[PDB]
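See structure below.
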Amino acid sequence: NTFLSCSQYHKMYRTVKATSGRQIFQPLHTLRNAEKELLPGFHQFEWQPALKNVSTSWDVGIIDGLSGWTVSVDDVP
Amino acid sequence: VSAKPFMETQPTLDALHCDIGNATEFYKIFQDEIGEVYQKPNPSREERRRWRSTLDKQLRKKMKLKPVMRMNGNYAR
Amino acid sequence: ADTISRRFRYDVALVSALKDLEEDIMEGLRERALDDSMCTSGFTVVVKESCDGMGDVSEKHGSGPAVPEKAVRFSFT
Amino acid sequence: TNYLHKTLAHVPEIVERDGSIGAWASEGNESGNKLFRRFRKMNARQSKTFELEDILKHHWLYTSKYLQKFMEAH
DNA sequence: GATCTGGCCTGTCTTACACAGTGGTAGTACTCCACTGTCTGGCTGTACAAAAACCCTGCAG
DNA sequence: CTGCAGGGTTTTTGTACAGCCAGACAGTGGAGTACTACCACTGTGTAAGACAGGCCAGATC
Ligand SMILES: [Ca+2]
Ligand SMILES: [Ca+2]
């Protein structure tokens, strides 16, 4: 919510932990598996009836936006 | 001394480049040593580019270094 | 008189940097064990300096020229 | 060429008159330029009349033995 | 006399190469989970002295 | 006036029974959690080398 870099946050973290620090912020590493609870693709679910033409696999998250564009050159690029 | 100087300053040798003329000099040394430059005292551009290319393939073969156009620090080192 | 510049009263910049390194000079007088009511005068600080300029600096929201290109930063240490 | 004269020329005379070489190069400033850029990127006040004033303020802060000393980093 | 053309310089452009950054990853090393006893030092109910700097007061000058 | 010393005088200071419990010392078996350097990737500045064309010398027109 303040547009800080990961380098930025890590530096600030080490620094403040030096000063009177009982480790206050959390180390960068723990965020990278702390958002697995907030990003897409984490909470099981289903539908009735089953969803048409949309795979019933749920745990996936971010996906490249081409949806399998056959990479053949001569064809439509 | 042609123009009135204005700023007292004891100059010193640049510690940064400090090598680049030395580098290009050893490079010319190798290029003219693959040639017999004191046996043929004045060669034109053809044998120049020839010696360059064979020397650079030699360096890529034994020490594994690409040829370059300008000599930075690390290439000289 | 359009050329825009900012700087310091050189002497004041000095007295700032020196009043900073006060802590270190005092601790160093403590290691050397040199007396204090007798080290009040015979001091000598050596000053380095440098000056270069940056070419045609890139910036944001300057589609037209706002002379945001050249800068020469004169400094000391 | 120039550099060859310089190197085979006077190095002993300099290190005697001075006591070092690398301890007087301008390499430092060439690094510090990076700083300049970034500060202009992220702390200009959007007016060249005020820009350098702000940049200088922040840089001078960034180069105080005081504050780097508060950068223990243990 | 008045002009052509190589020999040479340099001012200008351009082009490879370097840093600069950033989120992700791997490799590494420094902090505790819990078991169990067990020693050390600073807290608590009054009493006795020891030091200490100002204040009075004697008496010396 | 002054300096100096017996005691005052109040404050400060340590030593003093007497019981209690926080806090630490070892180590175990290695997890594991924090840290530190790759790492894939291009944007930005940089400055060596093209180079051309302009100019002087050679020699000419
Ligand atoms: Ca420069
Ligand atoms: Ca520069």
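Naming works like this for the structure tokens: A, B, ... for the chains as they're shown, residue 1 at the start of each chain, ligands 1 onward in shown order.
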
Review point. If you count only C-alpha atoms (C1' of nucleotides) and all ligand atoms, which residues end up within 7 Å of ligand 2, as JSON, numbers by chain?
Key: {"C": [52, 53, 54], "D": [30]}

Check your understanding: Which residues in range 4-77 of chain A does DSSP call helix (DSSP H, G or I)? List them as a PyMOL selection string.
Key -> chain A and resi 6-18+28-31

Keeping only N, CA and C atoms, write those residues as a PDB file, in the first residue's frame.
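Wrote it out as result-v9.pdb, contents follow:
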```pdb
ATOM      1  N   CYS A   6      10.957  -4.649  -3.007  1.00  0.00           N
ATOM      2  CA  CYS A   6      11.315  -5.762  -2.143  1.00  0.00           C
ATOM      3  C   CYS A   6      12.708  -5.543  -1.568  1.00  0.00           C
ATOM      4  N   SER A   7      13.633  -5.059  -2.399  1.00  0.00           N
ATOM      5  CA  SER A   7      14.921  -4.593  -1.900  1.00  0.00           C
ATOM      6  C   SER A   7      14.739  -3.546  -0.810  1.00  0.00           C
ATOM      7  N   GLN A   8      13.907  -2.546  -1.096  1.00  0.00           N
ATOM      8  CA  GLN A   8      13.573  -1.508  -0.129  1.00  0.00           C
ATOM      9  C   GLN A   8      13.126  -2.102   1.199  1.00  0.00           C
ATOM     10  N   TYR A   9      12.106  -2.958   1.141  1.00  0.00           N
ATOM     11  CA  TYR A   9      11.538  -3.517   2.358  1.00  0.00           C
ATOM     12  C   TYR A   9      12.580  -4.312   3.131  1.00  0.00           C
ATOM     13  N   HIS A  10      13.381  -5.119   2.432  1.00  0.00           N
ATOM     14  CA  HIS A  10      14.411  -5.916   3.099  1.00  0.00           C
ATOM     15  C   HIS A  10      15.446  -5.037   3.792  1.00  0.00           C
ATOM     16  N   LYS A  11      15.879  -3.966   3.122  1.00  0.00           N
ATOM     17  CA  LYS A  11      16.836  -3.049   3.729  1.00  0.00           C
ATOM     18  C   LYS A  11      16.255  -2.418   4.988  1.00  0.00           C
ATOM     19  N   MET A  12      15.078  -1.794   4.855  1.00  0.00           N
ATOM     20  CA  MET A  12      14.395  -1.217   6.010  1.00  0.00           C
ATOM     21  C   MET A  12      14.265  -2.235   7.126  1.00  0.00           C
ATOM     22  N   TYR A  13      14.005  -3.486   6.754  1.00  0.00           N
ATOM     23  CA  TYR A  13      13.768  -4.540   7.727  1.00  0.00           C
ATOM     24  C   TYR A  13      15.017  -4.811   8.547  1.00  0.00           C
ATOM     25  N   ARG A  14      16.118  -5.137   7.864  1.00  0.00           N
ATOM     26  CA  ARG A  14      17.391  -5.301   8.556  1.00  0.00           C
ATOM     27  C   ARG A  14      17.671  -4.109   9.463  1.00  0.00           C
ATOM     28  N   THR A  15      17.523  -2.898   8.916  1.00  0.00           N
ATOM     29  CA  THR A  15      17.859  -1.689   9.658  1.00  0.00           C
ATOM     30  C   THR A  15      17.079  -1.604  10.955  1.00  0.00           C
ATOM     31  N   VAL A  16      15.753  -1.584  10.848  1.00  0.00           N
ATOM     32  CA  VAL A  16      14.941  -1.395  12.035  1.00  0.00           C
ATOM     33  C   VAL A  16      15.146  -2.550  13.005  1.00  0.00           C
ATOM     34  N   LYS A  17      15.436  -3.756  12.500  1.00  0.00           N
ATOM     35  CA  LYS A  17      15.685  -4.873  13.405  1.00  0.00           C
ATOM     36  C   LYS A  17      16.963  -4.660  14.203  1.00  0.00           C
ATOM     37  N   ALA A  18      17.925  -3.937  13.631  1.00  0.00           N
ATOM     38  CA  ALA A  18      19.102  -3.554  14.401  1.00  0.00           C
ATOM     39  C   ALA A  18      18.727  -2.637  15.560  1.00  0.00           C
ATOM     40  N   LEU A  28      10.942 -10.611   4.468  1.00  0.00           N
ATOM     41  CA  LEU A  28      10.355 -10.654   3.135  1.00  0.00           C
ATOM     42  C   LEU A  28       9.874 -12.052   2.777  1.00  0.00           C
ATOM     43  N   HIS A  29      10.661 -13.069   3.126  1.00  0.00           N
ATOM     44  CA  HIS A  29      10.364 -14.430   2.702  1.00  0.00           C
ATOM     45  C   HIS A  29       8.951 -14.852   3.068  1.00  0.00           C
ATOM     46  N   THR A  30       8.442 -14.394   4.214  1.00  0.00           N
ATOM     47  CA  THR A  30       7.184 -14.910   4.737  1.00  0.00           C
ATOM     48  C   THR A  30       5.968 -14.343   4.017  1.00  0.00           C
ATOM     49  N   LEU A  31       6.125 -13.226   3.306  1.00  0.00           N
ATOM     50  CA  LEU A  31       5.026 -12.686   2.516  1.00  0.00           C
ATOM     51  C   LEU A  31       4.760 -13.553   1.297  1.00  0.00           C
TER      52      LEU A  31
END
```

Which residues of chain D have any atom within 8 Å of an atom in chain C when counting only C-alpha atoms, and what is the closest pair of atoms for each, with the distance in Å to one decimal? Order the rows by chain and rising number and write it as a Markdown table.
```
| residue | atom | partner | partner_atom | distance |
| --- | --- | --- | --- | --- |
| D:24 | CA | C:48 | CA | 7.1 |
| D:26 | CA | C:50 | CA | 6.0 |
| D:29 | CA | C:50 | CA | 7.0 |
| D:30 | CA | C:52 | CA | 7.7 |
| D:33 | CA | C:54 | CA | 7.0 |
| D:37 | CA | C:57 | CA | 7.4 |
| D:40 | CA | C:59 | CA | 7.8 |
| D:41 | CA | C:59 | CA | 6.8 |
| D:48 | CA | C:4 | CA | 7.3 |
| D:49 | CA | C:4 | CA | 7.0 |
| D:52 | CA | C:6 | CA | 6.1 |
| D:53 | CA | C:6 | CA | 6.1 |
| D:56 | CA | C:6 | CA | 7.7 |
| D:64 | CA | C:20 | CA | 7.2 |
| D:65 | CA | C:20 | CA | 6.8 |
| D:66 | CA | C:20 | CA | 6.4 |
```

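If we count only C-alpha atoms (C1' of nucleotides), these residues of chain F sit within 10 Å of chain A: residues 33, 34 and 35 of chain F.
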
Review point. So, counting only C-alpha atoms and all ligand atoms, which residue among C:55, C:9, C:34, C:26 is closest to ligand 1?
Key: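 That would be C:55, the residue with the smallest distance to ligand 1.
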
Point to revise | Neighbour list for residue 21 in chain D as a list in words, cut-off 10 Å, only C-alpha atoms (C1' of nucleotides), skip fewer than 3 positions in-chain | key: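 Non-adjacent residues within range: residues 12, 13, 14 and 15 of chain B; 11, 14, 15, 18, 24 and 25 of chain D.
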
Check your understanding: Any idea what the distance is between CA of residue 60 in chain A and CA of residue 42 in chain A?
Key -> 7.9 Å

Review point. For chain B, which residues have at least one atom within 10 Å of chain F, if we go by only C-alpha atoms (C1' of nucleotides)? Write them as a list in words, please.
Key: residues 69, 70, 71 and 72 of chain B

Once you have the residues from the selection above, write them out as a short mmCIF file (atom, residue, chain, number, x, y, z; two decimals), in the first residue's frame, restricted to C-alpha atoms.
```cif
data_model
loop_
_atom_site.label_atom_id
_atom_site.label_comp_id
_atom_site.auth_asym_id
_atom_site.auth_seq_id
_atom_site.Cartn_x
_atom_site.Cartn_y
_atom_site.Cartn_z
CA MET B 69 34.60 -3.31 -30.10
CA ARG B 70 35.65 -1.14 -27.12
CA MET B 71 37.67 -2.13 -24.06
CA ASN B 72 35.88 -1.64 -20.75
#
```

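Here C1' of residue 22 in chain F is placed at a distance of 20.5 Å from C1' of residue 35 in chain E.
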
Check your understanding: For chain E against chain B, which residues fall within 10 Å using only C-alpha atoms (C1' of nucleotides), given as a ChimeraX atom specification?
Key -> /E:15-18

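For the pair CA of residue 32 in chain C and CA of residue 11 in chain C, the separation is 28.4 Å.
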
List the neighbours of residue 43 in chain E out to 12 Å using only C-alpha atoms (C1' of nucleotides); skip same-chain residues closer than 4 positions along the sequence, and give me the result as a short mmCIF file (atom, residue, chain, number, x, y, z; two decimals) with N, CA and C atoms (P, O5', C5', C4', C3', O3' and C1' of nucleotides), in the first residue's frame.
```cif
data_model
loop_
_atom_site.label_atom_id
_atom_site.label_comp_id
_atom_site.auth_asym_id
_atom_site.auth_seq_id
_atom_site.Cartn_x
_atom_site.Cartn_y
_atom_site.Cartn_z
P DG F 19 14.13 -18.61 57.14
"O5'" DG F 19 13.12 -18.23 55.96
"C5'" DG F 19 11.78 -17.86 56.25
"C4'" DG F 19 11.02 -17.50 54.99
"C3'" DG F 19 10.89 -18.63 53.96
"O3'" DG F 19 9.60 -18.58 53.36
"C1'" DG F 19 11.93 -16.78 52.95
P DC F 20 9.24 -19.50 52.09
"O5'" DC F 20 9.55 -18.55 50.83
"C5'" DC F 20 8.90 -17.28 50.71
"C4'" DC F 20 8.87 -16.81 49.26
"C3'" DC F 20 8.71 -17.93 48.23
"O3'" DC F 20 7.68 -17.59 47.30
"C1'" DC F 20 10.64 -16.61 47.73
P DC F 21 7.18 -18.66 46.20
"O5'" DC F 21 7.80 -18.11 44.83
"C5'" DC F 21 7.73 -16.72 44.54
"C4'" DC F 21 8.70 -16.36 43.42
"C3'" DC F 21 8.65 -17.29 42.19
"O3'" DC F 21 8.67 -16.51 40.98
"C1'" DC F 21 10.85 -17.09 42.96
P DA F 22 8.30 -17.18 39.56
"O5'" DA F 22 8.82 -16.09 38.49
"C5'" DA F 22 8.76 -14.70 38.80
"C4'" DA F 22 10.08 -14.00 38.49
"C3'" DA F 22 10.61 -14.18 37.07
"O3'" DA F 22 11.26 -12.99 36.63
"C1'" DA F 22 12.18 -15.05 38.61
#
```
